[PDB]
Amino acid sequence: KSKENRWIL
Amino acid sequence: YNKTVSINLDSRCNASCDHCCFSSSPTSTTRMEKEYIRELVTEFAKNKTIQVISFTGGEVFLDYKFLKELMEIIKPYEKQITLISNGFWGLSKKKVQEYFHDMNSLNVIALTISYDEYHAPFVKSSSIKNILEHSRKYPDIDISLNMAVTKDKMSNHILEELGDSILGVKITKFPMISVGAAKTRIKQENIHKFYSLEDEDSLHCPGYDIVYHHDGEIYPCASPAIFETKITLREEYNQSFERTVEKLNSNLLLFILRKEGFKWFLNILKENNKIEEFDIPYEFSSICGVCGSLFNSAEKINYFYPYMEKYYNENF
Ligand SMILES: Nc1ncnc2c1ncn2[C@@H]1O[C@H](CSCC[C@H](N)C(=O)O)[C@@H](O)[C@H]1O
Ligand code: SF4
Ligand code: SF4
(Lines give C-alpha, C1' and ligand atoms only; values in the text may rest on other atoms or scores of the structure.)
(Ligands and ions follow the chains in the order given, each with its own letter.)
Protein backbone atom coordinates (compact mmCIF):
# COMPACT_ATOMS: atom_id res chain seq x y z
CA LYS A 1 0.00 0.00 0.00
CA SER A 2 1.23 3.40 -1.28
CA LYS A 3 -0.88 4.29 -4.40
CA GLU A 4 -4.41 2.90 -4.72
CA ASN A 5 -3.92 1.38 -8.16
CA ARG A 6 -1.65 -1.32 -6.58
CA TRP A 7 -3.68 -1.66 -3.31
CA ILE A 8 -4.11 -5.48 -3.33
CA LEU A 9 -0.56 -6.20 -4.64
CA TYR B 1 0.64 0.61 -18.70
CA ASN B 2 2.49 -2.37 -20.28
CA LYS B 3 5.45 -2.88 -17.92
CA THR B 4 3.47 -4.52 -15.07
CA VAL B 5 0.71 -7.13 -14.90
CA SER B 6 -1.07 -8.90 -12.06
CA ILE B 7 -2.93 -12.20 -11.72
CA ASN B 8 -5.44 -12.92 -8.98
CA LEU B 9 -4.93 -16.68 -8.55
CA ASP B 10 -8.03 -17.57 -6.53
CA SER B 11 -10.79 -16.22 -4.31
CA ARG B 12 -10.12 -19.14 -1.86
CA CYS B 13 -8.45 -18.16 1.39
CA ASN B 14 -7.77 -19.81 4.79
CA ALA B 15 -9.04 -16.52 6.44
CA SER B 16 -12.57 -14.94 6.27
CA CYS B 17 -11.74 -11.29 7.08
CA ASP B 18 -14.81 -9.14 7.81
CA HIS B 19 -13.52 -6.34 5.52
CA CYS B 20 -12.47 -8.55 2.57
CA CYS B 21 -13.19 -6.88 -0.76
CA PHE B 22 -13.65 -10.36 -2.32
CA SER B 23 -15.49 -11.95 0.70
CA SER B 24 -12.72 -14.58 0.51
CA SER B 25 -13.08 -17.70 2.60
CA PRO B 26 -12.20 -21.44 2.56
CA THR B 27 -15.47 -22.06 0.59
CA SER B 28 -15.02 -19.37 -2.11
CA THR B 29 -15.30 -20.98 -5.56
CA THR B 30 -14.51 -18.10 -7.97
CA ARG B 31 -11.27 -18.71 -9.92
CA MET B 32 -9.75 -19.07 -13.37
CA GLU B 33 -8.72 -22.65 -14.30
CA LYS B 34 -5.12 -23.71 -13.43
CA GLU B 35 -4.21 -24.50 -17.07
CA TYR B 36 -5.59 -21.12 -18.18
CA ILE B 37 -3.42 -19.38 -15.50
CA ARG B 38 -0.35 -21.39 -16.67
CA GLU B 39 -0.97 -20.07 -20.22
CA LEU B 40 -1.33 -16.45 -18.92
CA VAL B 41 1.90 -16.73 -16.89
CA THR B 42 3.78 -18.28 -19.85
CA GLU B 43 2.58 -15.41 -22.09
CA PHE B 44 3.56 -12.74 -19.53
CA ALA B 45 6.97 -14.33 -19.01
CA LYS B 46 7.61 -14.39 -22.81
CA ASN B 47 6.24 -10.82 -23.31
CA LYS B 48 9.17 -8.43 -24.07
CA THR B 49 7.81 -5.33 -22.31
CA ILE B 50 6.45 -6.79 -19.02
CA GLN B 51 9.03 -6.33 -16.26
CA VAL B 52 6.97 -7.22 -13.17
CA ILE B 53 4.38 -9.96 -12.64
CA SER B 54 2.41 -9.70 -9.36
CA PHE B 55 0.33 -12.42 -7.72
CA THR B 56 -2.61 -11.80 -5.38
CA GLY B 57 -5.83 -13.56 -4.17
CA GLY B 58 -7.31 -14.86 -2.06
CA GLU B 59 -4.30 -16.40 -0.35
CA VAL B 60 -1.58 -17.28 -2.95
CA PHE B 61 0.46 -19.37 -0.47
CA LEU B 62 -2.56 -21.69 0.12
CA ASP B 63 -1.63 -23.80 -2.92
CA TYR B 64 2.11 -23.23 -2.70
CA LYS B 65 2.93 -26.06 -5.15
CA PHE B 66 0.98 -24.20 -7.86
CA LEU B 67 2.52 -20.79 -6.95
CA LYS B 68 6.05 -22.28 -7.09
CA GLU B 69 5.28 -23.89 -10.47
CA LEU B 70 4.19 -20.49 -11.84
CA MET B 71 7.31 -18.77 -10.46
CA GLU B 72 9.42 -21.54 -12.13
CA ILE B 73 7.68 -20.85 -15.52
CA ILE B 74 8.81 -17.17 -15.19
CA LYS B 75 12.38 -17.95 -13.97
CA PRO B 76 14.08 -18.54 -17.43
CA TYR B 77 12.67 -15.15 -18.58
CA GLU B 78 14.02 -13.28 -15.50
CA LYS B 79 10.90 -11.18 -14.81
CA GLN B 80 10.55 -9.63 -11.32
CA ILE B 81 7.79 -11.04 -9.13
CA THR B 82 5.78 -9.58 -6.26
CA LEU B 83 3.71 -11.53 -3.73
CA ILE B 84 1.18 -10.53 -1.05
CA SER B 85 0.00 -12.82 1.74
CA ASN B 86 -1.77 -13.09 5.10
CA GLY B 87 1.39 -14.95 6.31
CA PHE B 88 -0.50 -18.03 7.68
CA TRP B 89 2.55 -20.11 6.58
CA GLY B 90 4.76 -18.20 9.08
CA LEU B 91 3.76 -20.56 11.93
CA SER B 92 6.69 -22.86 11.24
CA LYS B 93 10.16 -21.25 11.07
CA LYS B 94 11.29 -24.21 8.88
CA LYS B 95 8.52 -23.38 6.38
CA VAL B 96 9.53 -19.67 6.48
CA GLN B 97 13.14 -20.68 5.69
CA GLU B 98 12.01 -22.82 2.72
CA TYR B 99 9.73 -20.12 1.22
CA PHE B 100 12.31 -17.31 1.59
CA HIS B 101 14.92 -19.59 -0.08
CA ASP B 102 12.50 -20.14 -3.00
CA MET B 103 11.49 -16.43 -3.23
CA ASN B 104 15.17 -15.42 -3.33
CA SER B 105 15.95 -17.98 -6.06
CA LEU B 106 12.86 -17.02 -8.12
CA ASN B 107 13.34 -13.23 -8.41
CA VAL B 108 10.62 -12.23 -5.93
CA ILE B 109 11.51 -8.52 -5.35
CA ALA B 110 8.68 -7.71 -2.90
CA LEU B 111 6.66 -9.59 -0.33
CA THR B 112 3.78 -7.77 1.37
CA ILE B 113 2.27 -9.26 4.55
CA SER B 114 -1.17 -8.18 5.75
CA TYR B 115 -1.86 -8.18 9.48
CA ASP B 116 -4.43 -6.27 11.51
CA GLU B 117 -7.51 -6.82 13.74
CA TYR B 118 -9.48 -8.22 10.77
CA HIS B 119 -6.84 -10.86 9.89
CA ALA B 120 -5.96 -11.61 13.61
CA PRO B 121 -8.76 -14.22 14.24
CA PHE B 122 -7.22 -16.32 11.39
CA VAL B 123 -3.45 -15.93 11.76
CA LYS B 124 -1.39 -15.89 14.94
CA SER B 125 0.91 -12.95 15.68
CA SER B 126 3.89 -15.43 16.00
CA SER B 127 3.45 -16.43 12.34
CA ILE B 128 3.77 -12.78 11.25
CA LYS B 129 6.75 -12.28 13.57
CA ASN B 130 8.59 -15.31 12.11
CA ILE B 131 8.23 -13.97 8.58
CA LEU B 132 9.28 -10.42 9.45
CA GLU B 133 12.31 -11.61 11.43
CA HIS B 134 13.48 -14.03 8.71
CA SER B 135 13.13 -11.32 6.05
CA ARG B 136 16.24 -9.63 7.55
CA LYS B 137 18.32 -12.42 5.95
CA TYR B 138 17.00 -11.39 2.47
CA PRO B 139 17.60 -7.65 2.10
CA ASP B 140 16.85 -7.74 -1.66
CA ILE B 141 13.19 -8.69 -0.99
CA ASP B 142 11.27 -5.47 -0.17
CA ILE B 143 9.13 -6.34 2.87
CA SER B 144 6.08 -4.35 3.95
CA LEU B 145 3.18 -4.76 6.38
CA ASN B 146 -0.35 -3.72 5.29
CA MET B 147 -2.85 -2.96 8.11
CA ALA B 148 -6.49 -2.44 7.17
CA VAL B 149 -8.16 -0.36 9.91
CA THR B 150 -11.47 1.17 11.04
CA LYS B 151 -12.08 3.73 13.86
CA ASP B 152 -13.03 0.91 16.27
CA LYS B 153 -10.13 -1.39 15.14
CA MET B 154 -7.00 0.76 14.67
CA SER B 155 -4.48 -2.15 15.20
CA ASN B 156 -2.61 -0.31 17.99
CA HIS B 157 -2.29 -3.43 20.17
CA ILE B 158 -1.47 -5.57 17.06
CA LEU B 159 1.65 -3.43 16.34
CA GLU B 160 2.77 -3.45 19.96
CA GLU B 161 2.41 -7.30 20.08
CA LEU B 162 4.59 -7.72 16.96
CA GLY B 163 7.40 -6.30 19.19
CA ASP B 164 10.81 -5.77 17.61
CA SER B 165 9.97 -8.01 14.59
CA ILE B 166 8.58 -4.88 12.80
CA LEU B 167 11.89 -2.95 13.10
CA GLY B 168 13.05 -1.93 9.61
CA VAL B 169 9.71 -2.97 7.99
CA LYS B 170 7.62 -0.36 6.12
CA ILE B 171 4.18 -0.29 7.71
CA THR B 172 1.11 1.29 6.12
CA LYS B 173 -2.26 1.62 7.84
CA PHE B 174 -5.14 2.32 5.45
CA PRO B 175 -8.90 2.75 5.65
CA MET B 176 -11.57 0.50 4.14
CA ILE B 177 -13.20 0.57 0.75
CA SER B 178 -16.90 -0.26 1.14
CA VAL B 179 -16.93 -3.37 -1.10
CA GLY B 180 -17.30 -7.10 -0.43
CA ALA B 181 -17.59 -8.06 3.22
CA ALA B 182 -16.83 -4.44 4.32
CA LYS B 183 -20.25 -3.35 2.96
CA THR B 184 -22.23 -5.65 5.28
CA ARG B 185 -19.96 -6.56 8.20
CA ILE B 186 -18.56 -3.14 9.14
CA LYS B 187 -20.62 -0.15 10.38
CA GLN B 188 -20.20 2.65 7.85
CA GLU B 189 -19.64 5.16 10.71
CA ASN B 190 -16.44 3.22 11.63
CA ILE B 191 -14.95 3.77 8.14
CA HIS B 192 -12.79 6.92 8.04
CA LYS B 193 -13.97 9.80 5.81
CA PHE B 194 -11.20 11.79 4.13
CA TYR B 195 -12.95 13.08 0.97
CA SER B 196 -16.31 14.62 0.07
CA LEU B 197 -18.25 15.38 -3.18
CA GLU B 198 -16.97 19.02 -2.74
CA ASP B 199 -13.15 18.53 -2.96
CA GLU B 200 -13.35 17.79 -6.72
CA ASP B 201 -9.81 19.11 -7.44
CA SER B 202 -8.23 16.23 -5.42
CA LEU B 203 -10.46 13.56 -7.05
CA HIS B 204 -7.98 12.00 -9.50
CA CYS B 205 -7.18 8.36 -10.18
CA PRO B 206 -3.51 7.60 -9.29
CA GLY B 207 -2.96 5.48 -12.43
CA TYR B 208 -3.76 2.16 -14.12
CA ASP B 209 -2.22 -1.29 -13.42
CA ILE B 210 -3.63 -4.25 -15.35
CA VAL B 211 -5.14 -7.09 -13.27
CA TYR B 212 -6.32 -10.47 -14.65
CA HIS B 213 -8.89 -11.20 -11.93
CA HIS B 214 -10.19 -14.46 -10.37
CA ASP B 215 -13.64 -13.80 -11.91
CA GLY B 216 -12.03 -14.24 -15.37
CA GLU B 217 -12.34 -10.51 -16.20
CA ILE B 218 -9.53 -7.96 -16.63
CA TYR B 219 -9.50 -4.72 -14.66
CA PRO B 220 -7.56 -1.46 -15.14
CA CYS B 221 -6.21 -1.28 -11.57
CA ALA B 222 -5.72 -3.31 -8.34
CA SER B 223 -7.87 -1.14 -6.04
CA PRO B 224 -10.51 -3.10 -4.03
CA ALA B 225 -13.13 -0.74 -5.51
CA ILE B 226 -12.66 -1.69 -9.17
CA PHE B 227 -13.74 -5.31 -8.84
CA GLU B 228 -17.36 -4.35 -8.12
CA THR B 229 -17.44 -2.03 -11.23
CA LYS B 230 -18.42 -3.09 -14.73
CA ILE B 231 -15.18 -1.60 -16.18
CA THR B 232 -13.58 -4.67 -17.81
CA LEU B 233 -10.94 -4.92 -20.47
CA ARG B 234 -11.74 -8.51 -21.55
CA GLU B 235 -13.51 -9.06 -24.89
CA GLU B 236 -12.69 -12.78 -25.43
CA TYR B 237 -11.40 -15.90 -23.66
CA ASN B 238 -7.99 -16.01 -25.40
CA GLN B 239 -7.01 -12.36 -25.47
CA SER B 240 -3.33 -11.30 -25.68
CA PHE B 241 -1.66 -8.81 -23.34
CA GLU B 242 -1.05 -6.61 -26.47
CA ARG B 243 -4.82 -6.51 -26.96
CA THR B 244 -5.51 -5.82 -23.25
CA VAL B 245 -3.02 -2.89 -23.38
CA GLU B 246 -4.52 -1.57 -26.65
CA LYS B 247 -8.05 -1.74 -25.12
CA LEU B 248 -6.90 0.06 -21.94
CA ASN B 249 -5.26 2.84 -24.00
CA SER B 250 -8.36 3.23 -26.24
CA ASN B 251 -11.06 3.00 -23.52
CA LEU B 252 -12.90 6.34 -23.76
CA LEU B 253 -14.22 6.26 -20.15
CA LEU B 254 -10.74 5.56 -18.73
CA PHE B 255 -9.18 8.18 -21.05
CA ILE B 256 -11.66 10.85 -19.81
CA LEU B 257 -11.08 9.75 -16.21
CA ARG B 258 -7.26 10.09 -16.62
CA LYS B 259 -7.49 13.45 -18.42
CA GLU B 260 -10.36 15.16 -16.60
CA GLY B 261 -10.61 13.46 -13.20
CA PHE B 262 -13.74 12.45 -11.27
CA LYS B 263 -15.15 16.00 -11.35
CA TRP B 264 -16.04 15.45 -15.04
CA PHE B 265 -18.39 12.55 -14.10
CA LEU B 266 -19.58 14.09 -10.81
CA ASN B 267 -20.55 17.40 -12.46
CA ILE B 268 -22.71 15.50 -15.00
CA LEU B 269 -24.52 13.67 -12.16
CA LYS B 270 -24.96 16.93 -10.20
CA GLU B 271 -26.24 18.94 -13.18
CA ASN B 272 -28.71 16.12 -13.98
CA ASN B 273 -29.74 15.64 -10.28
CA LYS B 274 -28.56 11.96 -10.27
CA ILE B 275 -26.45 11.91 -7.06
CA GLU B 276 -29.24 10.34 -4.91
CA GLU B 277 -30.61 8.15 -7.75
CA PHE B 278 -27.18 6.59 -8.32
CA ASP B 279 -26.52 6.26 -4.53
CA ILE B 280 -23.38 8.40 -4.69
CA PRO B 281 -22.31 8.83 -1.01
CA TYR B 282 -21.39 12.31 0.24
CA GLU B 283 -18.13 11.29 1.97
CA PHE B 284 -15.49 8.64 1.18
CA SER B 285 -12.38 7.04 2.73
CA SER B 286 -10.53 7.09 -0.61
CA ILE B 287 -10.83 8.48 -4.19
CA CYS B 288 -11.52 4.83 -5.19
CA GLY B 289 -14.77 4.98 -3.20
CA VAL B 290 -15.94 7.74 -5.59
CA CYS B 291 -14.78 5.55 -8.57
CA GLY B 292 -16.69 2.47 -7.36
CA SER B 293 -19.93 4.42 -6.77
CA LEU B 294 -19.87 5.93 -10.29
CA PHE B 295 -19.29 2.73 -12.23
CA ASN B 296 -20.69 -0.23 -10.26
CA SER B 297 -23.54 -0.95 -12.68
CA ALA B 298 -24.04 -1.09 -16.45
CA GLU B 299 -26.81 1.58 -16.06
CA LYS B 300 -24.34 3.99 -14.41
CA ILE B 301 -21.60 3.49 -17.02
CA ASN B 302 -24.10 3.68 -19.93
CA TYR B 303 -25.63 6.89 -18.46
CA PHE B 304 -22.34 8.72 -19.30
CA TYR B 305 -22.21 7.41 -22.92
CA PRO B 306 -23.81 10.47 -24.74
CA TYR B 307 -21.59 12.81 -22.66
CA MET B 308 -18.45 10.81 -23.50
CA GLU B 309 -19.51 10.71 -27.20
CA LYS B 310 -19.86 14.55 -27.12
CA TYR B 311 -16.42 14.82 -25.42
CA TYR B 312 -14.89 12.61 -28.17
CA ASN B 313 -16.49 14.74 -30.95
CA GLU B 314 -15.31 18.02 -29.39
CA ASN B 315 -11.73 16.97 -28.56
CA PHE B 316 -10.77 14.25 -31.08
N1 LIG C 1 -12.51 -3.72 1.56
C2 LIG C 1 -11.18 -3.50 1.63
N3 LIG C 1 -10.75 -2.22 1.79
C4 LIG C 1 -9.44 -1.99 1.91
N5 LIG C 1 -8.44 -2.87 1.90
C6 LIG C 1 -8.89 -4.13 1.72
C7 LIG C 1 -10.21 -4.51 1.57
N8 LIG C 1 -10.30 -5.88 1.35
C9 LIG C 1 -9.05 -6.28 1.40
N10 LIG C 1 -8.15 -5.28 1.62
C11 LIG C 1 -6.70 -5.41 1.67
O12 LIG C 1 -6.24 -5.81 0.40
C13 LIG C 1 -4.96 -6.48 0.56
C14 LIG C 1 -4.85 -7.70 -0.34
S15 LIG C 1 -6.11 -8.95 0.03
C16 LIG C 1 -5.47 -10.42 -0.86
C17 LIG C 1 -4.04 -10.78 -0.44
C18 LIG C 1 -3.94 -11.48 0.97
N19 LIG C 1 -5.02 -12.45 1.29
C20 LIG C 1 -3.92 -10.43 2.10
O21 LIG C 1 -4.78 -10.36 2.96
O22 LIG C 1 -2.87 -9.62 2.02
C23 LIG C 1 -4.80 -6.75 2.05
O24 LIG C 1 -3.81 -5.91 2.67
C25 LIG C 1 -6.21 -6.51 2.61
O26 LIG C 1 -6.26 -6.14 3.98
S1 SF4 D 1 -8.19 -9.79 3.16
FE2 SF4 D 1 -6.65 -11.41 2.35
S3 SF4 D 1 -6.53 -12.90 4.21
FE4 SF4 D 1 -8.43 -11.65 4.58
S5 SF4 D 1 -10.13 -12.95 3.69
FE6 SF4 D 1 -9.48 -11.38 2.06
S7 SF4 D 1 -8.02 -12.57 0.76
FE8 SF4 D 1 -8.17 -13.72 2.77
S1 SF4 E 1 -9.72 5.67 -8.88
FE2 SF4 E 1 -10.82 3.88 -9.87
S3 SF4 E 1 -9.48 3.25 -11.60
FE4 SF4 E 1 -8.20 4.58 -10.25
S5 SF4 E 1 -7.12 3.14 -8.80
FE6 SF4 E 1 -9.06 3.76 -7.72
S7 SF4 E 1 -10.62 2.17 -8.33
FE8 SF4 E 1 -8.85 1.98 -9.77
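Every chain is numbered from 1 and lettered A, B, ... according to where its sequence line falls, protein lines coming before strand lines. When a ligand or atom number is given, it counts from 1 through the structure's own listing order.
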ask   = Do B/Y303 and B/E299 have a side chain donor and acceptor closer than 3.5 Å?
value = no

key: Identity and separation of the nearest protein heavy atom to atom 8 (Fe) of ligand 2   = B/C13 SG, 2.3 Å

message = Under 4.0 Å from a heavy atom of B/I84: which atoms of ligand 1 are those, numbered in the order shown and with their elements?
response = 14 (C), 17 (C), 22 (O)

query = To the nearest 0.5 Å, what is the distance between CG (B/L111) and CD1 (B/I81)?
reply = 12.0 Å

Subset of ligand 1 atoms that lie under 4.0 Å from at least one heavy atom of A/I8 = 12 (O), 14 (C)

query = Where is the nearest protein heavy atom to atom 22 (O) of ligand 1: which residue, which atom, and how far?
reply = B/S114 OG, 2.6 Å

request  = Report the relative orientation of the aromatic rings in B/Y311 and B/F316; use parallel for angles under 30°, tilted for 30 to 60°, perpendicular for over 60°.
outcome  = perpendicular

ask   = Do B/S28 and B/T30 meet the criterion of a side-chain donor-acceptor pair at a distance under 3.5 Å?
value = no

ask   = For ligand 1, which atoms, with element, lie under 4.0 Å from some heavy atom of B/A148?
value = 26 (O)

Proximity of B/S24 to ligand 2 by residue part, where a heavy atom lies under 4.0 Å = both

ask   = Short list, please: which atoms of ligand 1 are under 4.0 Å from a heavy atom of B/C20?
value = 8 (N)

remark   = Tested for side chain to side chain contact (heavy atoms under 4.5 Å, CB included) against B/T112, the lone hit among B/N146, B/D142, B/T56, B/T172 is B/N146

message = Regarding B/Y118 and B/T150, do their side chains bring together a donor and an acceptor under 3.5 Å, going by distance alone?
response = yes

message = So, regarding A/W7 and ligand 1 (criterion: nitrogen or oxygen to nitrogen or oxygen, under 3.5 Å), is there a contact or not?
response = yes

Within-cutoff protein neighbour (heavy atom, under 4.0 Å) for atom 15 (S) of ligand 1 = no

ask   = Measuring from the heavy atoms of B/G180, does anything fall under 4.0 Å of ligand 1?
value = no

message = Less than 6.0 angstrom from the centroid, inside 45 degrees of the normal: does B/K259 satisfy that with respect to the ring of B/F255?
response = yes

ask   = Nearest protein heavy atom to atom 4 (Fe) of ligand 3, by residue and atom, and its distance?
value = B/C205 SG, 2.3 Å

inquiry  = Among all protein heavy atoms in this structure, tell me which lies nearest to atom 2 (Fe) of ligand 2, with the distance rounded to 0.1 Å.
reply    = B/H119 NE2, 3.8 Å

ask   = Taking the six-membered ring for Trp, are B/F61 and B/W89 parallel (under 30°), tilted (30 to 60°) or perpendicular (over 60°)?
value = parallel

query = Is it true that the side chains of B/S6 and A/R6 contain a donor and an acceptor less than 3.5 Å apart?
reply = no

ask   = Looking at B/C221, which atoms of ligand 3 are within less than 4.0 Å of one of its heavy atoms?
value = 3 (S), 5 (S), 7 (S), 8 (Fe)

query = B/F194 vs B/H192 aromatic rings, parallel, tilted or perpendicular, using cut-offs 30° and 60°?
reply = parallel

inquiry  = Among B/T244, B/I37, B/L9, which residue satisfies the side chain to side chain contact (heavy atoms under 4.5 Å, CB included) criterion with B/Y212?
reply    = B/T244

inquiry  = Nearest 0.5 angstrom please: B/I109 CD1 to B/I141 CD1, how far?
reply    = 10.5 Å

request  = Number the atoms of ligand 3 from 1 as they appear, then name those within less than 4.0 Å of a heavy atom of A/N5, with their elements.
outcome  = 5 (S)

key: Numbering as shown, the atoms of ligand 3 that approach B/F262 to under 4.0 Å (heavy-atom distance)   = 1 (S)

key: Shortest heavy-atom approach to atom 6 (Fe) of ligand 3 - which of B/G261, B/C288, B/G289   = B/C288

key: Within-cut-off N or O pair, B/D116 and ligand 1, under 3.5 Å   = no

task = With heavy atoms of B/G58 as the reference, note each atom of ligand 2 found under 4.0 Å away.
result = 7 (S)

inquiry  = Could you measure the distance from the NZ atom of B/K68 to the CD atom of B/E98? Nearest 0.5 Å is fine.
reply    = 8.0 Å

message = Students should be able to answer this: which protein heavy-atom is nearest to atom 2 (C) of ligand 1, and at what distance?
response = B/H19 O, 3.6 Å

task = Would you mind telling me if ligand 2 is within reach of the side chain of B/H19, the backbone, both or neither, using heavy atoms under 4.0 Å?
result = side chain

request  = Please confirm whether B/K230 makes a cation-pi placement over B/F295, using NZ or CZ under 6.0 Å from the six-membered ring centre and within 45° of the ring normal.
outcome  = no

ask   = Just which atoms of ligand 2 are under 4.0 Å from any heavy atom in B/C20?
value = 1 (S), 5 (S), 6 (Fe), 7 (S)

query = Heavy-atom contacts under 4.0 Å between B/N146 and ligand 1: side chain, backbone, both, or neither?
reply = side chain

ask   = Can B/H119 be said to touch ligand 1, with heavy atoms closer than 4.0 Å?
value = yes

message = To check your reading of the model: name the closest protein heavy atom to atom 5 (S) of ligand 2, its residue, and the distance in Å.
response = B/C17 N, 3.3 Å

B/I177 N/O under 3.5 Å from ligand 1 N/O = yes

Identity of the nearest option to atom 18 (C) of ligand 1, non-hydrogen atoms only, from B/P175, B/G58, B/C21 = B/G58

ask   = Roughly how far, to the nearest 0.5 Å, is the CD1 atom of B/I231 from the CG atom of B/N251?
value = 7.5 Å

Atom indices of ligand 2, in the order listed, that fall short of 4.0 Å to a heavy atom of B/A15 = 3 (S), 5 (S)

message = Taking the ring of B/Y307 and the ring of B/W264, is the distance between their centroids below 6.0 Å?
response = no

task = Around atom 7 (S) of ligand 3, find the nearest protein heavy atom and jot down its residue, atom name and distance.
result = B/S223 CB, 3.5 Å

ask   = So which bit of B/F174 gets within less than 4.0 Å of ligand 1, heavy atoms only: side chain, backbone, both or neither?
value = side chain

message = Under 4.0 Å from a heavy atom of B/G57: which atoms of ligand 1 are those, numbered in the order shown and with their elements?
response = 16 (C)

note = Of B/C20, B/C21, B/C288, the one forming a side chain to side chain contact (heavy atoms under 4.5 Å, CB included) with B/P224 is B/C21

